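Asks: Input final.txt, format and content: compact mmCIF, N, CA and C atoms and all ligand atoms.
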# COMPACT_ATOMS: atom_id res chain seq x y z
N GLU A 2919 19.23 88.82 50.14
CA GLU A 2919 18.59 88.59 48.84
C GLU A 2919 17.79 87.29 48.85
N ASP A 2920 16.61 87.33 48.24
CA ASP A 2920 15.74 86.17 48.21
C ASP A 2920 16.31 85.08 47.29
N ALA A 2921 15.78 83.87 47.47
CA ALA A 2921 16.25 82.72 46.71
C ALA A 2921 16.11 82.93 45.21
N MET A 2922 15.01 83.54 44.76
CA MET A 2922 14.85 83.78 43.33
C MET A 2922 15.97 84.67 42.80
N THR A 2923 16.31 85.72 43.54
CA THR A 2923 17.35 86.63 43.09
C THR A 2923 18.70 85.92 43.00
N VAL A 2924 18.98 85.03 43.95
CA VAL A 2924 20.31 84.43 43.99
C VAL A 2924 20.51 83.43 42.86
N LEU A 2925 19.52 82.60 42.59
CA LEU A 2925 19.83 81.53 41.66
C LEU A 2925 18.80 81.22 40.60
N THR A 2926 17.64 81.85 40.56
CA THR A 2926 16.77 81.58 39.43
C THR A 2926 17.48 82.14 38.20
N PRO A 2927 17.88 81.31 37.25
CA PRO A 2927 18.60 81.82 36.09
C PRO A 2927 17.81 82.94 35.44
N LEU A 2928 18.54 83.91 34.92
CA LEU A 2928 17.91 84.98 34.17
C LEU A 2928 17.41 84.43 32.84
N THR A 2929 16.13 84.63 32.58
CA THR A 2929 15.52 84.25 31.31
C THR A 2929 15.66 85.39 30.31
N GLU A 2930 15.24 85.12 29.06
CA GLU A 2930 15.23 86.20 28.08
C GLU A 2930 14.29 87.32 28.51
N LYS A 2931 13.14 86.97 29.08
CA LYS A 2931 12.22 87.99 29.59
C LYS A 2931 12.88 88.80 30.71
N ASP A 2932 13.56 88.12 31.63
CA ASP A 2932 14.32 88.83 32.66
C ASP A 2932 15.30 89.81 32.03
N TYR A 2933 15.98 89.39 30.96
CA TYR A 2933 16.98 90.25 30.34
C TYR A 2933 16.35 91.51 29.75
N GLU A 2934 15.13 91.40 29.21
CA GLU A 2934 14.46 92.60 28.73
C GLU A 2934 14.17 93.56 29.88
N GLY A 2935 13.83 93.01 31.06
CA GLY A 2935 13.67 93.86 32.22
C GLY A 2935 14.97 94.49 32.69
N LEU A 2936 16.08 93.74 32.63
CA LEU A 2936 17.37 94.30 33.03
C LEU A 2936 17.76 95.43 32.10
N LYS A 2937 17.49 95.27 30.80
CA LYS A 2937 17.78 96.34 29.86
C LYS A 2937 17.00 97.60 30.22
N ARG A 2938 15.73 97.44 30.59
CA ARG A 2938 14.94 98.60 30.96
C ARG A 2938 15.49 99.28 32.21
N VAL A 2939 15.88 98.49 33.22
CA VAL A 2939 16.49 99.07 34.42
C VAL A 2939 17.75 99.83 34.06
N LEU A 2940 18.61 99.20 33.27
CA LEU A 2940 19.87 99.84 32.93
C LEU A 2940 19.63 101.13 32.17
N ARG A 2941 18.70 101.13 31.21
CA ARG A 2941 18.42 102.34 30.45
C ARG A 2941 17.87 103.43 31.35
N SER A 2942 17.06 103.06 32.34
CA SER A 2942 16.55 104.05 33.29
C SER A 2942 17.69 104.70 34.05
N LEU A 2943 18.67 103.91 34.50
CA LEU A 2943 19.82 104.48 35.19
C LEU A 2943 20.63 105.36 34.26
N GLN A 2944 20.85 104.92 33.02
CA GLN A 2944 21.65 105.70 32.09
C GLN A 2944 20.99 107.03 31.76
N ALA A 2945 19.66 107.12 31.86
CA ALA A 2945 18.91 108.33 31.52
C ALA A 2945 18.75 109.27 32.71
N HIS A 2946 19.09 108.83 33.91
CA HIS A 2946 18.89 109.65 35.10
C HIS A 2946 19.83 110.84 35.09
N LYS A 2947 19.33 111.98 35.56
CA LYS A 2947 20.13 113.20 35.53
C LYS A 2947 21.39 113.12 36.37
N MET A 2948 21.44 112.25 37.38
CA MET A 2948 22.61 112.13 38.24
C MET A 2948 23.51 110.97 37.84
N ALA A 2949 23.30 110.39 36.67
CA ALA A 2949 24.12 109.26 36.27
C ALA A 2949 25.36 109.67 35.49
N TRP A 2950 25.52 110.95 35.13
CA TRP A 2950 26.64 111.37 34.31
C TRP A 2950 28.00 110.85 34.78
N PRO A 2951 28.34 110.83 36.09
CA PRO A 2951 29.68 110.38 36.46
C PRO A 2951 29.91 108.91 36.24
N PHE A 2952 28.85 108.12 36.04
CA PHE A 2952 28.92 106.67 36.05
C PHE A 2952 28.72 106.06 34.68
N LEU A 2953 28.47 106.88 33.65
CA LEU A 2953 28.10 106.34 32.34
C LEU A 2953 29.24 105.55 31.71
N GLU A 2954 30.47 106.00 31.90
CA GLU A 2954 31.63 105.43 31.25
C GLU A 2954 32.69 105.23 32.32
N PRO A 2955 33.71 104.41 32.06
CA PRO A 2955 34.79 104.25 33.04
C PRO A 2955 35.37 105.60 33.44
N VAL A 2956 35.79 105.68 34.70
CA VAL A 2956 36.43 106.88 35.20
C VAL A 2956 37.63 107.19 34.34
N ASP A 2957 37.75 108.45 33.93
CA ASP A 2957 38.87 108.89 33.11
C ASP A 2957 40.06 109.16 34.03
N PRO A 2958 41.20 108.49 33.84
CA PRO A 2958 42.35 108.76 34.71
C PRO A 2958 42.82 110.20 34.68
N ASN A 2959 42.48 110.95 33.62
CA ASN A 2959 42.80 112.37 33.60
C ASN A 2959 41.99 113.15 34.63
N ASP A 2960 40.78 112.68 34.94
CA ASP A 2960 39.96 113.31 35.97
C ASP A 2960 40.34 112.86 37.37
N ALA A 2961 41.11 111.78 37.50
CA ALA A 2961 41.51 111.25 38.80
C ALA A 2961 42.75 110.37 38.63
N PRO A 2962 43.96 110.94 38.68
CA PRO A 2962 45.15 110.18 38.28
C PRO A 2962 45.43 108.95 39.12
N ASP A 2963 45.04 108.95 40.39
CA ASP A 2963 45.32 107.83 41.28
C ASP A 2963 44.18 106.82 41.33
N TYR A 2964 43.11 107.04 40.56
CA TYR A 2964 41.88 106.28 40.75
C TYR A 2964 42.12 104.78 40.63
N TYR A 2965 42.84 104.36 39.59
CA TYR A 2965 43.00 102.94 39.33
C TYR A 2965 44.02 102.26 40.23
N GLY A 2966 44.73 103.02 41.06
CA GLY A 2966 45.55 102.43 42.10
C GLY A 2966 44.80 102.29 43.41
N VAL A 2967 43.68 103.01 43.54
CA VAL A 2967 42.85 102.96 44.74
C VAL A 2967 41.72 101.96 44.60
N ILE A 2968 41.10 101.92 43.43
CA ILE A 2968 39.91 101.12 43.20
C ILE A 2968 40.33 99.89 42.42
N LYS A 2969 40.25 98.73 43.07
CA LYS A 2969 40.80 97.55 42.42
C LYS A 2969 39.85 96.93 41.41
N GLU A 2970 38.53 97.13 41.54
CA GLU A 2970 37.56 96.62 40.58
C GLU A 2970 36.65 97.75 40.13
N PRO A 2971 37.11 98.56 39.19
CA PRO A 2971 36.26 99.60 38.62
C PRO A 2971 35.02 99.02 37.95
N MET A 2972 33.96 99.82 37.91
CA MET A 2972 32.75 99.43 37.21
C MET A 2972 32.01 100.68 36.78
N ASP A 2973 31.25 100.56 35.70
CA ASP A 2973 30.55 101.69 35.12
C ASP A 2973 29.38 101.14 34.30
N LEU A 2974 28.45 102.03 33.97
CA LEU A 2974 27.22 101.60 33.29
C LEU A 2974 27.46 101.10 31.87
N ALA A 2975 28.49 101.60 31.19
CA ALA A 2975 28.76 101.14 29.83
C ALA A 2975 29.31 99.72 29.85
N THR A 2976 30.17 99.42 30.82
CA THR A 2976 30.63 98.05 30.98
C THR A 2976 29.48 97.13 31.30
N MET A 2977 28.57 97.57 32.17
CA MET A 2977 27.39 96.75 32.45
C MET A 2977 26.55 96.57 31.20
N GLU A 2978 26.40 97.61 30.39
CA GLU A 2978 25.63 97.49 29.15
C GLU A 2978 26.24 96.43 28.25
N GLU A 2979 27.56 96.48 28.07
CA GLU A 2979 28.24 95.49 27.26
C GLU A 2979 27.96 94.09 27.80
N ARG A 2980 28.06 93.93 29.12
CA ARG A 2980 27.82 92.64 29.75
C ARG A 2980 26.38 92.19 29.53
N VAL A 2981 25.42 93.11 29.66
CA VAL A 2981 24.03 92.75 29.37
C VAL A 2981 23.88 92.28 27.93
N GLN A 2982 24.47 93.02 26.99
CA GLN A 2982 24.30 92.66 25.58
C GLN A 2982 24.93 91.32 25.28
N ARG A 2983 26.00 90.96 25.98
CA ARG A 2983 26.71 89.70 25.81
C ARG A 2983 26.09 88.57 26.62
N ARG A 2984 25.04 88.84 27.38
CA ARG A 2984 24.42 87.85 28.25
C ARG A 2984 25.40 87.32 29.29
N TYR A 2985 26.23 88.21 29.80
CA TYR A 2985 27.24 87.84 30.79
C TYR A 2985 26.61 87.34 32.08
N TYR A 2986 25.53 87.98 32.52
CA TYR A 2986 24.94 87.67 33.82
C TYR A 2986 24.08 86.42 33.74
N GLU A 2987 24.28 85.50 34.69
CA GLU A 2987 23.46 84.30 34.80
C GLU A 2987 22.38 84.43 35.86
N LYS A 2988 22.62 85.23 36.89
CA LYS A 2988 21.72 85.37 38.02
C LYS A 2988 21.59 86.85 38.35
N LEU A 2989 20.41 87.25 38.84
CA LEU A 2989 20.19 88.65 39.19
C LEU A 2989 21.22 89.16 40.18
N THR A 2990 21.64 88.32 41.13
CA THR A 2990 22.63 88.75 42.11
C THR A 2990 23.89 89.30 41.45
N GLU A 2991 24.29 88.74 40.30
CA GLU A 2991 25.51 89.18 39.65
C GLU A 2991 25.36 90.57 39.05
N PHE A 2992 24.19 90.85 38.48
CA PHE A 2992 23.90 92.18 37.96
C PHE A 2992 23.87 93.19 39.10
N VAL A 2993 23.17 92.85 40.18
CA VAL A 2993 23.12 93.73 41.34
C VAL A 2993 24.51 93.97 41.89
N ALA A 2994 25.37 92.94 41.90
CA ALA A 2994 26.73 93.10 42.41
C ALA A 2994 27.53 94.11 41.59
N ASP A 2995 27.42 94.05 40.25
CA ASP A 2995 28.13 95.04 39.43
C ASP A 2995 27.60 96.44 39.69
N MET A 2996 26.28 96.59 39.78
CA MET A 2996 25.72 97.91 40.01
C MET A 2996 26.18 98.46 41.35
N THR A 2997 26.17 97.61 42.37
CA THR A 2997 26.62 98.01 43.70
C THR A 2997 28.08 98.39 43.71
N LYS A 2998 28.92 97.74 42.90
CA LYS A 2998 30.31 98.14 42.79
C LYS A 2998 30.45 99.59 42.35
N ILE A 2999 29.63 100.02 41.40
CA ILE A 2999 29.67 101.42 40.96
C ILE A 2999 29.52 102.34 42.16
N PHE A 3000 28.50 102.08 42.97
CA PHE A 3000 28.20 102.98 44.08
C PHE A 3000 29.22 102.84 45.20
N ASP A 3001 29.64 101.62 45.50
CA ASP A 3001 30.62 101.43 46.56
C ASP A 3001 31.96 102.05 46.18
N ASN A 3002 32.40 101.88 44.93
CA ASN A 3002 33.64 102.51 44.50
C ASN A 3002 33.54 104.02 44.69
N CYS A 3003 32.40 104.59 44.33
CA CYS A 3003 32.26 106.04 44.38
C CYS A 3003 32.30 106.54 45.82
N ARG A 3004 31.60 105.87 46.72
CA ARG A 3004 31.57 106.32 48.10
C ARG A 3004 32.91 106.13 48.78
N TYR A 3005 33.69 105.13 48.37
CA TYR A 3005 35.01 104.90 48.95
C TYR A 3005 36.01 105.91 48.41
N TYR A 3006 36.00 106.17 47.11
CA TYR A 3006 37.00 107.06 46.53
C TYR A 3006 36.75 108.51 46.91
N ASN A 3007 35.49 108.92 46.97
CA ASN A 3007 35.16 110.34 47.09
C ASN A 3007 34.69 110.67 48.50
N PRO A 3008 34.96 111.88 48.97
CA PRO A 3008 34.50 112.26 50.30
C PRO A 3008 32.99 112.43 50.34
N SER A 3009 32.45 112.34 51.55
CA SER A 3009 31.01 112.32 51.72
C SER A 3009 30.36 113.64 51.36
N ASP A 3010 31.12 114.72 51.27
CA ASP A 3010 30.57 116.01 50.87
C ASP A 3010 30.76 116.33 49.39
N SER A 3011 31.25 115.37 48.58
CA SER A 3011 31.54 115.62 47.18
C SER A 3011 30.29 115.44 46.33
N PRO A 3012 30.18 116.16 45.21
CA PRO A 3012 29.05 115.91 44.31
C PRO A 3012 29.00 114.48 43.80
N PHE A 3013 30.16 113.84 43.65
CA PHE A 3013 30.16 112.45 43.20
C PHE A 3013 29.46 111.56 44.20
N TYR A 3014 29.75 111.76 45.48
CA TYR A 3014 29.11 110.96 46.52
C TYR A 3014 27.61 111.18 46.52
N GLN A 3015 27.18 112.43 46.39
CA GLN A 3015 25.76 112.76 46.30
C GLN A 3015 25.11 112.02 45.14
N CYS A 3016 25.77 112.01 43.98
CA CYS A 3016 25.19 111.31 42.83
C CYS A 3016 24.99 109.84 43.14
N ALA A 3017 25.96 109.22 43.83
CA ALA A 3017 25.83 107.81 44.19
C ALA A 3017 24.66 107.58 45.13
N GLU A 3018 24.44 108.47 46.10
CA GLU A 3018 23.34 108.24 47.03
C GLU A 3018 21.98 108.40 46.34
N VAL A 3019 21.87 109.35 45.41
CA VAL A 3019 20.62 109.50 44.66
C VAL A 3019 20.42 108.33 43.73
N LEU A 3020 21.44 107.99 42.96
CA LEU A 3020 21.25 106.97 41.94
C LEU A 3020 21.07 105.60 42.56
N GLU A 3021 21.73 105.32 43.68
CA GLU A 3021 21.50 104.02 44.30
C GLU A 3021 20.06 103.90 44.79
N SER A 3022 19.52 104.96 45.40
CA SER A 3022 18.13 104.93 45.83
C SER A 3022 17.21 104.66 44.65
N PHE A 3023 17.48 105.30 43.52
CA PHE A 3023 16.69 105.10 42.31
C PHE A 3023 16.83 103.67 41.81
N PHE A 3024 18.05 103.16 41.80
CA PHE A 3024 18.27 101.77 41.42
C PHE A 3024 17.46 100.83 42.30
N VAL A 3025 17.44 101.06 43.60
CA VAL A 3025 16.67 100.18 44.48
C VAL A 3025 15.18 100.23 44.12
N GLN A 3026 14.65 101.43 43.87
CA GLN A 3026 13.25 101.53 43.46
C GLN A 3026 12.99 100.71 42.21
N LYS A 3027 13.86 100.86 41.21
CA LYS A 3027 13.69 100.14 39.95
C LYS A 3027 13.89 98.65 40.13
N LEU A 3028 14.86 98.26 40.95
CA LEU A 3028 15.14 96.85 41.18
C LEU A 3028 13.96 96.16 41.86
N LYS A 3029 13.34 96.83 42.83
CA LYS A 3029 12.15 96.27 43.47
C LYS A 3029 11.05 96.07 42.45
N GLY A 3030 10.87 97.03 41.55
CA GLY A 3030 9.89 96.86 40.49
C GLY A 3030 10.22 95.68 39.59
N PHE A 3031 11.50 95.51 39.26
CA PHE A 3031 11.91 94.39 38.43
C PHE A 3031 11.64 93.06 39.13
N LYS A 3032 12.01 92.97 40.41
CA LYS A 3032 11.80 91.72 41.14
C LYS A 3032 10.32 91.37 41.23
N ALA A 3033 9.46 92.36 41.45
CA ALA A 3033 8.03 92.09 41.51
C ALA A 3033 7.51 91.56 40.18
N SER A 3034 8.06 92.06 39.08
CA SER A 3034 7.59 91.71 37.74
C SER A 3034 8.03 90.32 37.30
N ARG A 3035 9.01 89.71 37.96
CA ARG A 3035 9.52 88.41 37.53
C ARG A 3035 8.47 87.32 37.69
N1 LIG B 1 33.11 111.04 35.41
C1 LIG B 1 33.93 111.43 36.41
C2 LIG B 1 34.57 112.68 36.40
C3 LIG B 1 35.42 113.04 37.46
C4 LIG B 1 35.66 112.16 38.55
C5 LIG B 1 35.01 110.90 38.60
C6 LIG B 1 34.18 110.57 37.48
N2 LIG B 1 35.28 110.06 39.69
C7 LIG B 1 34.37 109.26 40.35
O1 LIG B 1 34.69 108.53 41.31
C8 LIG B 1 32.95 109.23 39.97
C9 LIG B 1 32.38 107.96 39.32
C10 LIG B 1 32.01 108.32 40.76
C11 LIG B 1 36.65 110.07 40.17
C12 LIG B 1 36.94 111.50 40.69
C13 LIG B 1 36.57 112.59 39.65
CL CL B 2 19.26 111.85 29.70
Give the structure from the file, written as structure tokens.
Replies:
Amino acid sequence: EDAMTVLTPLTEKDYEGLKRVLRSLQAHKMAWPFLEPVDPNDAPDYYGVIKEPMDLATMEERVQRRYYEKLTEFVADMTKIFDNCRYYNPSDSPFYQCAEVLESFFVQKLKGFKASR
């Protein structure tokens, strides 16, 4: 990650861009598994396997609260979503497929955000 991403504090303008990125992910057709925390009814052992769960609604709350100080922190939460999914689910599962599509889309959007800063 470049120096700007690591430590240039997020400005209010940056935050408007982060909101747009997040909304783009939330609107993507393959984002359904990631919109809200994993339901333990859908995976009873999930919270014993995944020590730091993450989901787009938690990220939204954090964005609205101005939790993130640096772009790296936002990227780290987003990456947790995908890493948790690839670790918990087998590589042939629809969940894993959704993570590979959505992460690629996130990278496209993130590059656009970084260029716009
Ligand atoms: N939303 C939803 C529904 C069912 C399941 C998940 C999520 N899981 C996931 O790992 C998805 C988030 C990547 C756990 C296994 C089954
Ligand atoms: Cl939608």
Asks: Choose the residue, out of A:3000, A:2933, A:2964, A:2986, that has the smallest atom-to-atom separation from residue 3017 of chain A; count only N, CA and C atoms.
Replies: A:3000
Asks: Give me, as a ChimeraX atom specification, the set of residues whose atoms come within 7 Å of any atom of ligand CL 2 (chain B), counting only N, CA and C atoms and all ligand atoms.
Replies: /A:2944-2947
Asks: Once you have the residues from the selection above, write them out as a PDB file, in the frame of the given file, restricted to N, CA and C atoms.
Replies:
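Wrote it out as part12.pdb, contents follow:
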ATOM      1  N   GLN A2944      20.850 104.920  33.020  1.00  0.00           N
ATOM      2  CA  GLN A2944      21.650 105.700  32.090  1.00  0.00           C
ATOM      3  C   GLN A2944      20.990 107.030  31.760  1.00  0.00           C
ATOM      4  N   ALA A2945      19.660 107.120  31.860  1.00  0.00           N
ATOM      5  CA  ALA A2945      18.910 108.330  31.520  1.00  0.00           C
ATOM      6  C   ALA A2945      18.750 109.270  32.710  1.00  0.00           C
ATOM      7  N   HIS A2946      19.090 108.830  33.910  1.00  0.00           N
ATOM      8  CA  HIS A2946      18.890 109.650  35.100  1.00  0.00           C
ATOM      9  C   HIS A2946      19.830 110.840  35.090  1.00  0.00           C
ATOM     10  N   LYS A2947      19.330 111.980  35.560  1.00  0.00           N
ATOM     11  CA  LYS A2947      20.130 113.200  35.530  1.00  0.00           C
ATOM     12  C   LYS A2947      21.390 113.120  36.370  1.00  0.00           C
TER      13      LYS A2947
END
Asks: Which residues are near residue 2949 of chain A? Cut-off 12 Å, only C-alpha atoms, ignore same chain within fewer than 2 positions. Put them as number ranges by chain.
Replies: A: 2940-2947, 2951-2954, 2973-2975, 2999-3000, 3003, 3012-3021, 3023-3024
Asks: Quick check, in Å to one decimal: how far apart do atom CA of residue 2998 of chain A and atom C13 of ligand LIG 1 (chain B) lie?
Replies: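 Those two atoms sit 16.1 Å apart.
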Asks: What is the distance, in Å and to one decimal place, between atom N of residue 2939 of chain A and atom N of residue 3031 of chain A?
Replies: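 For atom N of residue 2939 of chain A relative to atom N of residue 3031 of chain A, the distance reads 8.0 Å.
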Asks: Which one of A:2961, A:2966, A:2997, A:3035 sits closest to residue 2929 of chain A if you count only C-alpha atoms?
Replies: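 Result for the nearest residue to residue 2929 of chain A: A:3035.
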Asks: With only C-alpha atoms and all ligand atoms as the basis for distance, which of A:2965, A:2992, A:3006, A:2985 is at the shortest distance from ligand LIG 1 (chain B)?
Replies: A:3006
Asks: Counting only C-alpha atoms and all ligand atoms, figure out which residue out of A:3007, A:2926, A:2976, A:2982 gets nearest to ligand LIG 1 (chain B).
Replies: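 Ranking A:3007, A:2926, A:2976, A:2982 by distance to ligand LIG 1 (chain B), first place goes to A:3007.
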Asks: Identify which of the residues A:2957, A:2978, A:3030, A:2920 lies closest to residue 2937 of chain A, counting all atoms listed in the file when measuring atom-to-atom distances.
Replies: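 Checking each candidate against residue 2937 of chain A, we get A:2978 as the closest.
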Asks: Kindly indicate which residue among A:2960, A:2919, A:2995, A:2970 lies nearest to ligand LIG 1 (chain B), using all atoms listed in the file for the distances.
Replies: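 Checking each candidate against ligand LIG 1 (chain B), we get A:2960 as the closest.
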Asks: Please indicate the distance in Å from atom N of residue 2990 of chain A to atom CA of residue 2925 of chain A, rounded to one decimal place.
Replies: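 Atom-to-atom, atom N of residue 2990 of chain A to atom CA of residue 2925 of chain A, that is 7.0 Å.
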Asks: Around ligand LIG 1 (chain B), fit a box with edges along x, y and z, padding it by 4 Å on each side, then list its centre and edge lengths in Å to one decimal as lines of an AutoDock Vina configuration file.
Replies:
center_x = 34.5
center_y = 110.5
center_z = 38.4
size_x = 12.9
size_y = 13.1
size_z = 13.9
Asks: Find the residues near residue 2928 of chain A: any atom within 6 Å, counting only C-alpha atoms, skip ones fewer than 4 places away on the same chain, and give them as a PyMOL selection string.
Replies: chain A and resi 2932+2987-2988
Asks: Output requested as a JSON list (two decimals), in the coordinates of the input - segment 3011-3026 of chain A, filled out with N, CA, C and O atoms.
Replies:
[["chain", "number", "residue", "atom", "x", "y", "z"],
["A", 3011, "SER", "N", 31.25, 115.37, 48.58],
["A", 3011, "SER", "CA", 31.54, 115.62, 47.18],
["A", 3011, "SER", "C", 30.29, 115.44, 46.33],
["A", 3011, "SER", "O", 29.43, 114.60, 46.65],
["A", 3012, "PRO", "N", 30.18, 116.16, 45.21],
["A", 3012, "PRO", "CA", 29.05, 115.91, 44.31],
["A", 3012, "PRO", "C", 29.00, 114.48, 43.80],
["A", 3012, "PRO", "O", 27.91, 113.96, 43.54],
["A", 3013, "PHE", "N", 30.16, 113.84, 43.65],
["A", 3013, "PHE", "CA", 30.16, 112.45, 43.20],
["A", 3013, "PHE", "C", 29.46, 111.56, 44.20],
["A", 3013, "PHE", "O", 28.67, 110.70, 43.82],
["A", 3014, "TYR", "N", 29.75, 111.76, 45.48],
["A", 3014, "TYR", "CA", 29.11, 110.96, 46.52],
["A", 3014, "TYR", "C", 27.61, 111.18, 46.52],
["A", 3014, "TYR", "O", 26.83, 110.22, 46.64],
["A", 3015, "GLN", "N", 27.18, 112.43, 46.39],
["A", 3015, "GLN", "CA", 25.76, 112.76, 46.30],
["A", 3015, "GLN", "C", 25.11, 112.02, 45.14],
["A", 3015, "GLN", "O", 24.00, 111.47, 45.27],
["A", 3016, "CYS", "N", 25.77, 112.01, 43.98],
["A", 3016, "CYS", "CA", 25.19, 111.31, 42.83],
["A", 3016, "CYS", "C", 24.99, 109.84, 43.14],
["A", 3016, "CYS", "O", 23.97, 109.24, 42.76],
["A", 3017, "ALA", "N", 25.96, 109.22, 43.83],
["A", 3017, "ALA", "CA", 25.83, 107.81, 44.19],
["A", 3017, "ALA", "C", 24.66, 107.58, 45.13],
["A", 3017, "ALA", "O", 23.93, 106.60, 44.98],
["A", 3018, "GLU", "N", 24.44, 108.47, 46.10],
["A", 3018, "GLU", "CA", 23.34, 108.24, 47.03],
["A", 3018, "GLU", "C", 21.98, 108.40, 46.34],
["A", 3018, "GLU", "O", 21.04, 107.67, 46.65],
["A", 3019, "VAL", "N", 21.87, 109.35, 45.41],
["A", 3019, "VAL", "CA", 20.62, 109.50, 44.66],
["A", 3019, "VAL", "C", 20.42, 108.33, 43.73],
["A", 3019, "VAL", "O", 19.33, 107.72, 43.68],
["A", 3020, "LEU", "N", 21.44, 107.99, 42.96],
["A", 3020, "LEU", "CA", 21.25, 106.97, 41.94],
["A", 3020, "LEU", "C", 21.07, 105.60, 42.56],
["A", 3020, "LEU", "O", 20.31, 104.79, 42.02],
["A", 3021, "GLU", "N", 21.73, 105.32, 43.68],
["A", 3021, "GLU", "CA", 21.50, 104.02, 44.30],
["A", 3021, "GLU", "C", 20.06, 103.90, 44.79],
["A", 3021, "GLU", "O", 19.45, 102.83, 44.65],
["A", 3022, "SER", "N", 19.52, 104.96, 45.40],
["A", 3022, "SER", "CA", 18.13, 104.93, 45.83],
["A", 3022, "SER", "C", 17.21, 104.66, 44.65],
["A", 3022, "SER", "O", 16.28, 103.84, 44.74],
["A", 3023, "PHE", "N", 17.48, 105.30, 43.52],
["A", 3023, "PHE", "CA", 16.69, 105.10, 42.31],
["A", 3023, "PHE", "C", 16.83, 103.67, 41.81],
["A", 3023, "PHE", "O", 15.84, 103.03, 41.44],
["A", 3024, "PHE", "N", 18.05, 103.16, 41.80],
["A", 3024, "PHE", "CA", 18.27, 101.77, 41.42],
["A", 3024, "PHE", "C", 17.46, 100.83, 42.30],
["A", 3024, "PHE", "O", 16.84, 99.88, 41.80],
["A", 3025, "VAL", "N", 17.44, 101.06, 43.60],
["A", 3025, "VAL", "CA", 16.67, 100.18, 44.48],
["A", 3025, "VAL", "C", 15.18, 100.23, 44.12],
["A", 3025, "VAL", "O", 14.51, 99.19, 44.09],
["A", 3026, "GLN", "N", 14.65, 101.43, 43.87],
["A", 3026, "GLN", "CA", 13.25, 101.53, 43.46],
["A", 3026, "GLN", "C", 12.99, 100.71, 42.21],
["A", 3026, "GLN", "O", 12.00, 99.98, 42.12]]
